[PDB]
Amino acid sequence: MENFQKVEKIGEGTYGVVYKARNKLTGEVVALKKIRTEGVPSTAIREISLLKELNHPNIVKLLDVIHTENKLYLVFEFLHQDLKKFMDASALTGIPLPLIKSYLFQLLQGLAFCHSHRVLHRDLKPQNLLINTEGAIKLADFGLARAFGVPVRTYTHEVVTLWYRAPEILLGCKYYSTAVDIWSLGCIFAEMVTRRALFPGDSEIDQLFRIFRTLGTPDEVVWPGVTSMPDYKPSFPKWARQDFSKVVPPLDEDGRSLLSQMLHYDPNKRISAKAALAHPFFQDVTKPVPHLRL
Ligand SMILES: Nc1nc(NC2CCCCC2)sc1C(=O)c1cccnc1
């Protein structure tokens, strides 16, 4: 804008573009996101003003919300790296387990807070998880799937990642619960551990089937109500479940146990962020500093 000097493009979302920018005045360096319209639905404009009050050490702070000229600009505190780039940078050696554990622990604290305040993230992915030199990791880019309804995509079109999407969303459940964020985090935890996306689907059905091939095609026994889901088809192939020992080696039993609870098919059986924080896997959690090359 006129009060911000754009340093560079931080990212191109399907719904908005993100810039690293300096407040010509406060001298502060921030992440500026301009959102796409007739005047942007006020229904969200009030929903956004809510996230502004949602402050926690593991949630990227929303500093300012500026509504003007058909554009909505979200001003966020700036962090230097995201988890996707960090994992790519650590692919050769892998992120040390104590750091993986610290990150998972902090993200769960962030979610327990969001969830206790009736706020769902809805689109957790490594790219939306920001880290700094002090060992913190923060939830970013929350709601963008509840504002502009269900539009086409984006200008020149960009492929949305389905890899972290919960099965109930893929099966057409219209009402997401806090459980979809736990699922996404479980997928991310597995990914930090194996250094490979857990369910790299390239279509909604391929995403769903990759989940079924690994966790077994769900049925009424493991997921009461699943065969009544909107997009469920009796014709889905029936795959047996694989052993977690094979899915996230060499993760220890404490980790595999927590992961299995984060990946339960039934949203109602899936562990809550709060309960996950009490899992034995975090008995020896610490806060290591990552090796960040900026
Ligand atoms: N606060 C913040 N800092 C960023 N720094 C970036 C991180 C990657 C490397 C360059 C600096 S991105 C970002 C976001 O709020 C954000 C993130 C994803 C999607 N939409 C918004």
# chains A, B, ... in the order shown; residues from 1 in each chain; ligands from 1
>>> residues_around(residues="region 85-100 of chain A", least_positions_apart="4", cutoff="12 Å", atoms="only C-alpha atoms", output="PDB file with N, CA and C atoms, in the first residue's frame")
ATOM      1  N   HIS A  80      10.676 -15.642   9.466  1.00  0.00           N
ATOM      2  CA  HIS A  80      11.576 -15.877   8.334  1.00  0.00           C
ATOM      3  C   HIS A  80      11.530 -17.164   7.550  1.00  0.00           C
ATOM      4  N   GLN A  81      10.840 -18.181   8.066  1.00  0.00           N
ATOM      5  CA  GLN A  81      10.819 -19.453   7.336  1.00  0.00           C
ATOM      6  C   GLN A  81       9.551 -20.231   7.621  1.00  0.00           C
ATOM      7  N   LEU A 104       5.688 -30.264  17.201  1.00  0.00           N
ATOM      8  CA  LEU A 104       4.370 -30.891  17.310  1.00  0.00           C
ATOM      9  C   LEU A 104       3.676 -30.416  18.614  1.00  0.00           C
ATOM     10  N   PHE A 105       4.431 -30.399  19.699  1.00  0.00           N
ATOM     11  CA  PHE A 105       3.924 -29.956  21.013  1.00  0.00           C
ATOM     12  C   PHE A 105       3.415 -28.519  20.942  1.00  0.00           C
ATOM     13  N   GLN A 106       4.208 -27.627  20.346  1.00  0.00           N
ATOM     14  CA  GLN A 106       3.801 -26.216  20.240  1.00  0.00           C
ATOM     15  C   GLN A 106       2.576 -26.064  19.345  1.00  0.00           C
ATOM     16  N   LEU A 107       2.553 -26.775  18.206  1.00  0.00           N
ATOM     17  CA  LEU A 107       1.401 -26.688  17.308  1.00  0.00           C
ATOM     18  C   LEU A 107       0.125 -27.157  18.003  1.00  0.00           C
ATOM     19  N   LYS A 125      -0.886 -27.011   6.749  1.00  0.00           N
ATOM     20  CA  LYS A 125       0.040 -27.609   5.783  1.00  0.00           C
ATOM     21  C   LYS A 125       1.382 -27.036   6.178  1.00  0.00           C
ATOM     22  N   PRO A 126       2.496 -27.718   5.834  1.00  0.00           N
ATOM     23  CA  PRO A 126       3.825 -27.213   6.205  1.00  0.00           C
ATOM     24  C   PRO A 126       4.077 -25.746   5.835  1.00  0.00           C
ATOM     25  N   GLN A 127       3.581 -25.330   4.673  1.00  0.00           N
ATOM     26  CA  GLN A 127       3.757 -23.955   4.208  1.00  0.00           C
ATOM     27  C   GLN A 127       3.106 -22.926   5.111  1.00  0.00           C
ATOM     28  N   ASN A 128       2.059 -23.333   5.824  1.00  0.00           N
ATOM     29  CA  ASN A 128       1.332 -22.424   6.728  1.00  0.00           C
ATOM     30  C   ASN A 128       1.825 -22.458   8.177  1.00  0.00           C
ATOM     31  N   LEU A 129       2.932 -23.158   8.408  1.00  0.00           N
ATOM     32  CA  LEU A 129       3.531 -23.290   9.722  1.00  0.00           C
ATOM     33  C   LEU A 129       4.869 -22.555   9.674  1.00  0.00           C
ATOM     34  N   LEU A 130       4.944 -21.445  10.400  1.00  0.00           N
ATOM     35  CA  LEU A 130       6.125 -20.591  10.393  1.00  0.00           C
ATOM     36  C   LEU A 130       7.048 -20.771  11.582  1.00  0.00           C
ATOM     37  N   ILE A 131       8.349 -20.724  11.331  1.00  0.00           N
ATOM     38  CA  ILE A 131       9.312 -20.912  12.405  1.00  0.00           C
ATOM     39  C   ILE A 131      10.301 -19.747  12.479  1.00  0.00           C
ATOM     40  N   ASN A 132      10.905 -19.546  13.656  1.00  0.00           N
ATOM     41  CA  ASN A 132      11.912 -18.512  13.823  1.00  0.00           C
ATOM     42  C   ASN A 132      13.181 -19.146  14.428  1.00  0.00           C
ATOM     43  N   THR A 133      14.218 -18.337  14.583  1.00  0.00           N
ATOM     44  CA  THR A 133      15.508 -18.762  15.131  1.00  0.00           C
ATOM     45  C   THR A 133      15.463 -19.190  16.613  1.00  0.00           C
ATOM     46  N   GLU A 134      14.391 -18.839  17.303  1.00  0.00           N
ATOM     47  CA  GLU A 134      14.264 -19.142  18.720  1.00  0.00           C
ATOM     48  C   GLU A 134      13.601 -20.490  19.024  1.00  0.00           C
ATOM     49  N   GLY A 135      13.295 -21.260  17.983  1.00  0.00           N
ATOM     50  CA  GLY A 135      12.677 -22.545  18.220  1.00  0.00           C
ATOM     51  C   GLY A 135      11.168 -22.536  18.306  1.00  0.00           C
ATOM     52  N   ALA A 136      10.534 -21.424  17.949  1.00  0.00           N
ATOM     53  CA  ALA A 136       9.086 -21.382  17.993  1.00  0.00           C
ATOM     54  C   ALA A 136       8.529 -21.775  16.625  1.00  0.00           C
ATOM     55  N   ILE A 137       7.282 -22.226  16.616  1.00  0.00           N
ATOM     56  CA  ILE A 137       6.633 -22.556  15.361  1.00  0.00           C
ATOM     57  C   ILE A 137       5.244 -21.986  15.543  1.00  0.00           C
ATOM     58  N   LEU A 185      -2.500 -32.135  11.277  1.00  0.00           N
ATOM     59  CA  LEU A 185      -1.269 -32.122  12.049  1.00  0.00           C
ATOM     60  C   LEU A 185      -0.647 -33.519  12.124  1.00  0.00           C
ATOM     61  N   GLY A 186      -1.487 -34.536  12.222  1.00  0.00           N
ATOM     62  CA  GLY A 186      -0.965 -35.887  12.247  1.00  0.00           C
ATOM     63  C   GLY A 186      -0.228 -36.186  10.942  1.00  0.00           C
ATOM     64  N   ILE A 188       1.279 -34.030   9.069  1.00  0.00           N
ATOM     65  CA  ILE A 188       2.502 -33.234   9.091  1.00  0.00           C
ATOM     66  C   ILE A 188       3.566 -33.883   9.994  1.00  0.00           C
ATOM     67  N   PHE A 189       3.130 -34.402  11.139  1.00  0.00           N
ATOM     68  CA  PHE A 189       4.016 -35.079  12.104  1.00  0.00           C
ATOM     69  C   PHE A 189       4.686 -36.276  11.383  1.00  0.00           C
ATOM     70  N   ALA A 190       3.876 -37.079  10.703  1.00  0.00           N
ATOM     71  CA  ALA A 190       4.381 -38.235   9.961  1.00  0.00           C
ATOM     72  C   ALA A 190       5.420 -37.795   8.925  1.00  0.00           C
ATOM     73  N   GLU A 191       5.128 -36.688   8.259  1.00  0.00           N
ATOM     74  CA  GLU A 191       5.991 -36.145   7.223  1.00  0.00           C
ATOM     75  C   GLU A 191       7.341 -35.671   7.787  1.00  0.00           C
ATOM     76  N   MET A 192       7.331 -34.994   8.941  1.00  0.00           N
ATOM     77  CA  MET A 192       8.597 -34.574   9.550  1.00  0.00           C
ATOM     78  C   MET A 192       9.436 -35.813   9.867  1.00  0.00           C
ATOM     79  N   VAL A 193       8.772 -36.852  10.344  1.00  0.00           N
ATOM     80  CA  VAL A 193       9.451 -38.091  10.710  1.00  0.00           C
ATOM     81  C   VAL A 193      10.026 -38.889   9.537  1.00  0.00           C
ATOM     82  N   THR A 194       9.235 -39.116   8.504  1.00  0.00           N
ATOM     83  CA  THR A 194       9.733 -39.936   7.399  1.00  0.00           C
ATOM     84  C   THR A 194      10.403 -39.151   6.282  1.00  0.00           C
ATOM     85  N   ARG A 195      10.167 -37.847   6.262  1.00  0.00           N
ATOM     86  CA  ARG A 195      10.708 -36.961   5.245  1.00  0.00           C
ATOM     87  C   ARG A 195      10.020 -37.207   3.897  1.00  0.00           C
ATOM     88  N   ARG A 196       8.779 -37.674   3.964  1.00  0.00           N
ATOM     89  CA  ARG A 196       7.942 -37.922   2.799  1.00  0.00           C
ATOM     90  C   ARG A 196       6.495 -37.672   3.172  1.00  0.00           C
ATOM     91  N   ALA A 197       5.763 -36.969   2.304  1.00  0.00           N
ATOM     92  CA  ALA A 197       4.344 -36.707   2.536  1.00  0.00           C
ATOM     93  C   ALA A 197       3.682 -38.060   2.815  1.00  0.00           C
ATOM     94  N   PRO A 250      11.376 -44.687  11.477  1.00  0.00           N
ATOM     95  CA  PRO A 250      11.569 -45.505  12.669  1.00  0.00           C
ATOM     96  C   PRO A 250      10.966 -44.897  13.940  1.00  0.00           C
ATOM     97  N   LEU A 251       9.852 -44.181  13.809  1.00  0.00           N
ATOM     98  CA  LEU A 251       9.193 -43.559  14.963  1.00  0.00           C
ATOM     99  C   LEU A 251       8.944 -44.561  16.110  1.00  0.00           C
ATOM    100  N   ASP A 252       9.280 -44.175  17.340  1.00  0.00           N
ATOM    101  CA  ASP A 252       9.065 -45.049  18.502  1.00  0.00           C
ATOM    102  C   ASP A 252       7.572 -45.299  18.765  1.00  0.00           C
ATOM    103  N   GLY A 255       5.397 -42.320  19.821  1.00  0.00           N
ATOM    104  CA  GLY A 255       5.044 -41.482  18.686  1.00  0.00           C
ATOM    105  C   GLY A 255       3.994 -42.133  17.789  1.00  0.00           C
ATOM    106  N   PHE A 281       4.157 -39.393  24.740  1.00  0.00           N
ATOM    107  CA  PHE A 281       5.194 -39.009  23.776  1.00  0.00           C
ATOM    108  C   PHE A 281       5.847 -37.674  24.175  1.00  0.00           C
ATOM    109  N   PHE A 282       5.124 -36.825  24.892  1.00  0.00           N
ATOM    110  CA  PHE A 282       5.678 -35.540  25.278  1.00  0.00           C
ATOM    111  C   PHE A 282       6.297 -35.487  26.666  1.00  0.00           C
ATOM    112  N   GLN A 283       6.465 -36.643  27.291  1.00  0.00           N
ATOM    113  CA  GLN A 283       7.048 -36.694  28.628  1.00  0.00           C
ATOM    114  C   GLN A 283       8.434 -36.034  28.676  1.00  0.00           C
ATOM    115  N   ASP A 284       9.245 -36.221  27.641  1.00  0.00           N
ATOM    116  CA  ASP A 284      10.590 -35.632  27.609  1.00  0.00           C
ATOM    117  C   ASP A 284      10.728 -34.484  26.597  1.00  0.00           C
ATOM    118  N   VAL A 285       9.640 -33.773  26.322  1.00  0.00           N
ATOM    119  CA  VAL A 285       9.705 -32.684  25.346  1.00  0.00           C
ATOM    120  C   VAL A 285      10.561 -31.536  25.879  1.00  0.00           C
ATOM    121  N   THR A 286      11.287 -30.896  24.973  1.00  0.00           N
ATOM    122  CA  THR A 286      12.158 -29.767  25.288  1.00  0.00           C
ATOM    123  C   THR A 286      11.990 -28.768  24.139  1.00  0.00           C
ATOM    124  N   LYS A 287      12.725 -27.656  24.195  1.00  0.00           N
ATOM    125  CA  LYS A 287      12.620 -26.667  23.146  1.00  0.00           C
ATOM    126  C   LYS A 287      13.975 -26.358  22.517  1.00  0.00           C
ATOM    127  N   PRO A 288      14.425 -27.229  21.596  1.00  0.00           N
ATOM    128  CA  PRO A 288      15.707 -27.085  20.895  1.00  0.00           C
ATOM    129  C   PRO A 288      15.616 -25.918  19.921  1.00  0.00           C
ATOM    130  N   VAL A 289      16.763 -25.417  19.486  1.00  0.00           N
ATOM    131  CA  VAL A 289      16.785 -24.326  18.514  1.00  0.00           C
ATOM    132  C   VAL A 289      17.053 -24.965  17.155  1.00  0.00           C
ATOM    133  N   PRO A 290      16.343 -24.543  16.106  1.00  0.00           N
ATOM    134  CA  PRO A 290      16.646 -25.185  14.823  1.00  0.00           C
ATOM    135  C   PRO A 290      17.878 -24.545  14.172  1.00  0.00           C
ATOM    136  N   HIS A 291      18.487 -25.241  13.212  1.00  0.00           N
ATOM    137  CA  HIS A 291      19.619 -24.670  12.494  1.00  0.00           C
ATOM    138  C   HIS A 291      18.983 -23.962  11.303  1.00  0.00           C
ATOM    139  N   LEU A 292      18.825 -22.649  11.414  1.00  0.00           N
ATOM    140  CA  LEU A 292      18.187 -21.877  10.365  1.00  0.00           C
ATOM    141  C   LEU A 292      19.173 -21.040   9.583  1.00  0.00           C
ATOM    142  N   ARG A 293      19.147 -21.250   8.273  1.00  0.00           N
ATOM    143  CA  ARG A 293      19.998 -20.552   7.314  1.00  0.00           C
ATOM    144  C   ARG A 293      19.062 -19.547   6.613  1.00  0.00           C
ATOM    145  N   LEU A 294      19.177 -18.256   6.941  1.00  0.00           N
ATOM    146  CA  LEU A 294      18.307 -17.245   6.341  1.00  0.00           C
ATOM    147  C   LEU A 294      19.004 -16.386   5.267  1.00  0.00           C
TER     148      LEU A 294
END
>>> select_by_dssp(residues="region 27-237 of chain A", states="strand (DSSP E)", output="mmCIF file with C-alpha atoms, in the first residue's frame")
data_model
loop_
_atom_site.group_PDB
_atom_site.id
_atom_site.type_symbol
_atom_site.label_atom_id
_atom_site.label_comp_id
_atom_site.auth_asym_id
_atom_site.auth_seq_id
_atom_site.Cartn_x
_atom_site.Cartn_y
_atom_site.Cartn_z
ATOM 1 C CA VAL A 29 8.811 -5.526 9.017
ATOM 2 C CA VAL A 30 5.585 -7.425 8.480
ATOM 3 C CA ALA A 31 3.858 -9.966 6.247
ATOM 4 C CA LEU A 32 1.177 -8.115 4.288
ATOM 5 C CA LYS A 33 -1.609 -10.077 2.691
ATOM 6 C CA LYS A 34 -3.974 -8.405 0.245
ATOM 7 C CA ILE A 35 -7.259 -10.248 -0.254
ATOM 8 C CA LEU A 62 -2.662 -10.589 13.163
ATOM 9 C CA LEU A 63 -1.510 -7.012 13.727
ATOM 10 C CA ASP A 64 -3.906 -5.068 11.532
ATOM 11 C CA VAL A 65 -6.907 -5.514 9.297
ATOM 12 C CA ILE A 66 -7.382 -2.840 6.638
ATOM 13 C CA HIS A 67 -10.519 -2.785 4.511
ATOM 14 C CA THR A 68 -10.226 -0.477 1.506
ATOM 15 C CA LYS A 71 -9.241 -4.955 -1.162
ATOM 16 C CA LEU A 72 -8.738 -6.310 2.326
ATOM 17 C CA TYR A 73 -5.181 -6.272 3.647
ATOM 18 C CA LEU A 74 -4.181 -8.451 6.575
ATOM 19 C CA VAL A 75 -1.037 -7.343 8.357
ATOM 20 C CA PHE A 76 0.765 -10.199 10.157
ATOM 21 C CA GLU A 77 3.923 -10.387 12.266
ATOM 22 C CA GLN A 81 10.819 -19.453 7.336
ATOM 23 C CA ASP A 82 8.025 -21.968 6.973
ATOM 24 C CA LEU A 129 3.531 -23.290 9.722
ATOM 25 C CA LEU A 130 6.125 -20.591 10.393
ATOM 26 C CA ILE A 131 9.312 -20.912 12.405
ATOM 27 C CA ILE A 137 6.633 -22.556 15.361
ATOM 28 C CA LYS A 138 3.386 -20.775 14.612
ATOM 29 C CA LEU A 139 0.027 -21.390 12.938
#
>>> residues_around(residues="residue 261 (chain A)", least_positions_apart="2", cutoff="12 Å", atoms="only C-alpha atoms", output="MDAnalysis selection string")
chainID A and resid 179 182:183 185:187 244 254:259 263:273 275:276 279
>>> residues_around(residues="residue 119 (chain A)", least_positions_apart="2", cutoff="12 Å", atoms="only C-alpha atoms", output="list in words")
residues 47, 48, 50, 51, 52, 53, 54, 55, 59, 110, 111, 112, 113, 114, 115, 116, 117, 121, 122, 142, 143, 146, 176, 177, 178, 179, 180 and 181 of chain A
>>> closest_residue(among="A:160, A:10, A:169, A:44", to="ligand 1", atoms="only C-alpha atoms and all ligand atoms")
A:10
>>> atom_distance(atom1="CA of residue 175 (chain A)", atom2="CA of residue 144 (chain A)")
15.7 Å
>>> residues_around(residues="residue 22 (chain A)", least_positions_apart="3", cutoff="7 Å", atoms="only C-alpha atoms", output="PyMOL selection string")
chain A and resi 4-6+27-30
>>> write_last_selection(atoms="C-alpha atoms", output="mmCIF file, in the first residue's frame")
data_model
loop_
_atom_site.group_PDB
_atom_site.id
_atom_site.type_symbol
_atom_site.label_atom_id
_atom_site.label_comp_id
_atom_site.auth_asym_id
_atom_site.auth_seq_id
_atom_site.Cartn_x
_atom_site.Cartn_y
_atom_site.Cartn_z
ATOM 1 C CA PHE A 4 4.042 0.041 3.272
ATOM 2 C CA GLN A 5 7.052 -0.539 1.064
ATOM 3 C CA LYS A 6 6.965 -4.008 -0.472
ATOM 4 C CA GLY A 27 9.778 0.773 10.843
ATOM 5 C CA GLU A 28 8.303 -2.662 11.512
ATOM 6 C CA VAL A 29 8.811 -5.526 9.017
ATOM 7 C CA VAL A 30 5.585 -7.425 8.480
#
>>> residues_around(residues="residue 203 (chain A)", least_positions_apart="2", cutoff="12 Å", atoms="only C-alpha atoms", output="list in words")
residues 159, 160, 161, 162, 163, 165, 170, 199, 200, 201, 205, 206, 207, 208, 209 and 210 of chain A
>>> closest_atom_pairs(of="region 105-199 of chain A", to="region 216-226 of chain A", cutoff="12 Å", atoms="only C-alpha atoms", output="CSV")
residue,atom,partner,partner_atom,distance
A:167,CA,A:218,CA,9.7
A:168,CA,A:226,CA,8.4
A:169,CA,A:226,CA,11.7
A:170,CA,A:226,CA,11.6
A:171,CA,A:226,CA,8.4
A:172,CA,A:226,CA,10.5
A:173,CA,A:226,CA,10.0
>>> atom_distance(atom1="CA of residue 198 (chain A)", atom2="CA of residue 123 (chain A)")
15.9 Å
>>> residues_around(residues="residue 241 (chain A)", least_positions_apart="5", cutoff="7 Å", atoms="only C-alpha atoms", output="list in words")
residues 213, 214, 215 and 216 of chain A
>>> closest_residue(among="A:237, A:16, A:41, A:249", to="ligand 1", atoms="only C-alpha atoms and all ligand atoms")
A:16
>>> atom_distance(atom1="CA of residue 141 (chain A)", atom2="atom 4 (C, counted along the ligand's line) of ligand 1")
9.4 Å
>>> closest_residue(among="A:9, A:118, A:233, A:157", to="ligand 1", atoms="only C-alpha atoms and all ligand atoms")
A:9
